[PDB]
**Q** 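One structure follows; several queries about it will come next.
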Amino acid sequence: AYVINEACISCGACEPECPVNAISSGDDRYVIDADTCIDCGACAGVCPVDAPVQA
Ligand code: SF4
Ligand code: SF4
């Protein structure tokens with residue numbers, strides 16, 4: 001699992017790019033479903049603030 005850090009600016013860009021649809025807008029920011037994420041890094045790759053990190 002990657003996890004989206006609080007640097008997230010809630011731009012939405014990563015949501016459509018996750019190959020497994022593991023991202024949603026959460027209550028405070030975007031959030032990753034750790035039961036689906038496969039660590040591809042694509043979300044970080046489209047993130048202007050580099051908020052998703054491998055955890
Ligand atoms: S690392 Fe890959 S699988 Fe995990 S949330 Fe980001 S885009 Fe989706
Ligand atoms: S691309 Fe980055 S800043 Fe935009 S919603 Fe996703 S994690 Fe947040």
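Ligands are counted one by one from 1 in listed order, and the atoms in each one are counted from 1 as well. Note that the numbering runs from 1 along the sequence shown for the chain.
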**Q** For atom 4 (Fe) of ligand 1, which protein heavy atom lies nearest, and how many Å away is it?
**A** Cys37 SG, 2.3 Å
**Q** Could you list the atoms of ligand 1 found under 4.0 angstrom from a heavy atom of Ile23?
**A** 5 (S)
**Q** Taking only heavy atoms of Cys14, which atoms of ligand 2 are found under 4.0 Å from at least one of them?
**A** 1 (S), 5 (S), 6 (Fe), 7 (S)
**Q** With distance as the sole test, does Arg29 use its side chain to make a donor-acceptor pair with the main-chain N or O of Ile4 at under 3.5 Å?
**A** yes
**Q** Among all protein non-hydrogen atoms, which one is nearest to atom 1 (S) of ligand 1, and what is the separation to 0.1 Å?
**A** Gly41 N, 3.3 Å
**Q** Could you grab the distance from atom CD of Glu15 to atom CG of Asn21, nearest 0.5 Å is fine?
**A**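 Output value for this atom pair is 7.0 Å.
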**Q** Please report the closest heavy-atom contact between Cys18 and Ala22, naming both atoms and the distance.
**A**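 The answer is SG-N, 3.3 Å.
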**Q** Give the contacting part of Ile4 toward ligand 2: side chain, backbone, both or neither, where contact means a heavy-atom distance below 4.0 Å.
**A** side chain
**Q** Closer than 4.0 Å to some heavy atom of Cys47 - which atoms of ligand 2 meet that?
**A**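 Once the distances to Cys47 are compared, the set is 1 (S), 2 (Fe), 3 (S), 7 (S).
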**Q** Record the part of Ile32 in heavy-atom contact with ligand 1 below 4.0 Å; permitted values are side chain, backbone, both and neither.
**A** side chain
**Q** Have a look at ligand 2 and work out which part of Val49, if any, has a heavy atom under 4.0 Å from it: side chain, backbone, both or neither.
**A**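 Just the side chain.
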**Q** Measure across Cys43 and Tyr2 and return the closest heavy-atom pair with its distance rounded to 0.1 Å.
**A**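 Shortest heavy-atom separation between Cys43 and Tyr2 comes out as SG-CD2, 4.2 Å.
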**Q** Quick one: SG on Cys8 to CG on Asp50, what's the gap to the nearest 0.5 Å?
**A** 12.0 Å
**Q** Sub-3.5 Å donor-acceptor pair from the side chain of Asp39 to the main-chain atoms of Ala1, do we have one?
**A**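 Such a contact is found between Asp39 side chain and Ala1 backbone.
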**Q** So how far is it from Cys14 SG to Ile32 CD1, rounded to the nearest 0.5 Å?
**A** 7.5 Å
**Q** Hey, which atoms in ligand 1 end up nearer than 4.0 Å to a heavy atom of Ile38?
**A** 3 (S)
**Q** Test question: given the 4.5 Å side-chain rule for I, L, V, M, F, W and Y, name all other residues clustered with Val3, or answer none.
**A**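 Noted: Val3 shares its cluster with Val53.
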**Q** I'd like to know if atom 8 (Fe) of ligand 1 has an N/O/S atom from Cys18 within less than 2.8 Å of it, counting both backbone and side-chain atoms.
**A**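 Here the distance criterion (N, O or S atom, under 2.8 Å) is met by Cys18, so yes.
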**Q** Between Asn5 and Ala7, is there a donor-acceptor pair closer than 3.5 Å when you use the side chain of the first and the backbone of the second?
**A** no
**Q** Among all protein non-hydrogen atoms, which one is nearest to atom 6 (Fe) of ligand 1, and what is the separation to 0.1 Å?
**A**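 Ranking protein heavy atoms by distance from atom 6 (Fe) of ligand 1, first comes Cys43 SG, 2.3 Å.
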**Q** Starting at CD of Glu17, measure out to SG of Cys47 and round the result to the nearest 0.5 Å.
**A** 12.5 Å
**Q** Who's the nearest protein heavy-atom neighbour of atom 5 (S) of ligand 2, and how far?
**A** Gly12 N, 3.3 Å
**Q** Please determine if atom 4 (Fe) of ligand 2 has an N/O/S atom from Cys11 lying under 2.8 Å away.
**A**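 Yes - counting backbone and side chain alike, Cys11 has an N, O or S atom under 2.8 Å.
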**Q** Got the closest protein heavy atom to atom 2 (Fe) of ligand 1, with its distance?
**A** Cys40 SG, 2.3 Å
**Q** Looking only at protein heavy atoms, which one is nearest to atom 8 (Fe) of ligand 2, and how far off is it?
**A**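 Checked against all protein heavy atoms, atom 8 (Fe) of ligand 2 sits closest to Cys8 SG, 2.3 Å.
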**Q** Counting each atom of ligand 1 from 1 as listed, which ones have a heavy atom of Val20 under 4.0 Å away?
**A** 3 (S)
**Q** How does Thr36 reach ligand 1, by side chain, by backbone, by both or by neither, if only non-hydrogen atoms under 4.0 Å count?
**A** neither
**Q** Decide if atom CD of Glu6 counts as having more than 12 heavy atoms of other residues, nucleotides or ligands within a radius under 6.0 Å.
**A** no
**Q** Identify the closest protein heavy atom to atom 3 (S) of ligand 2: which residue and atom is it, and at what distance?
**A**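 Sorting protein heavy atoms by distance from atom 3 (S) of ligand 2 puts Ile9 N, 3.4 Å first.
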